[PDB]
């Protein structure tokens, strides 16, 4: 079933044809052009591969996801955030945020220069966005992802100061569900993500939700760079 793409076409096979093991392996090759990525996210597919490997495309089953309103903020964290030392912005510094996610040296190692450029382009073309957590004047955390209507595909988050991540995920969610936001894609469920409320659902249901929310919208100025949380 595994299909190998080419520059000749930006078309992906159907998600349903993905492999079980590894879970979701749908295709390889192609490029990371704005067009190909938009076509991919539009069909519930996303790129993920380690450096040195050809571009690998996925559509796992089940699919990890997170309902905004179902975010789990610990008792200790609400106390922390009630007196948060951070300020949160939107699309003020996409480059630093994804560089942050790339830096750490864990699941962000896949984010190579090539990946960085590709998503930075999407951010400029207006589809990939970032939330920035600030401590004083320095960036200590944040997250970025690709928007798909009222749906948000979370690519990655990073932190250089205690509770910076959660702060972004926390505030983004309030801002998100307050303006029509309906869903966040986590791709594959892990520990940190689970501890935040991420829950699995069937791929078919995810795709069902996907082309249901991609044609929706949020306020015109929702992604306009601005301040999301400042005491």
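Numbering follows the first chain given and starts at 1.
Novice: Are coordinates for residue 138 absent from at least a third of the other PDB entries that model its neighbours?
Specialist: Comparison shows residue 138 kept in all of the other entries.
Novice: Decide, for the other PDB entries of this protein that were compared, whether residue 107 is missing from at least a third of their models.
Specialist: Residue 107: unmodelled in a third or more of the comparison entries.
Novice: Output the stretch having the higher mean C-alpha B factor in the entry; the candidates are 153-161 and 98-106.
Specialist: It is 98-106 that shows the higher mean C-alpha B-factor.
Novice: Higher mean Cα B-factor in the deposited model: 23-31 or 185-193?
Specialist: Here the higher of the two C-alpha B-factor means belongs to 185-193.
Novice: Kindly indicate the residue among 56, 177, 169, 66 with the greatest C-alpha B-factor in the PDB record.
Specialist: Checking the PDB record, the top C-alpha B-factor among 56, 177, 169, 66 is at 177.
Novice: When you compare the CA B-factors of 143, 88, 140, 73 as listed in the entry, which one comes out on top?
Specialist: When the deposited C-alpha B-factors of 143, 88, 140, 73 are compared, 73 is largest.
Novice: Going by the recorded CA B-factors, say which third of the chain residue 81 sits in, lowest, middle or highest.
Specialist: Its C-alpha B-factor, which the entry lists for residue 81, ranks in the highest third among residues of this chain.
Novice: Check where residue 173 lands among this chain's C-alpha B-factors and tell me if it's the lowest, middle or highest third.
Specialist: According to the entry, residue 173 has a C-alpha B-factor in the chain's lowest third.
Novice: Grab the CA temperature factor for residue 202 from the record and place it in the lowest, middle or highest third of its chain.
Specialist: Highest third, going by the recorded CA B-factors of the chain.
Novice: If you rank every modelled residue in this chain by C-alpha B factor, which third holds residue 136: lowest, middle or highest?
Specialist: Within its chain, residue 136 is a highest-third residue by C-alpha B-factor, going by the deposited values.
Novice: Lowest, middle or highest third: where is residue 17 by Cα B-factor in its chain?
Specialist: Ranked within chain, residue 17 CA B lands in the lowest tercile.
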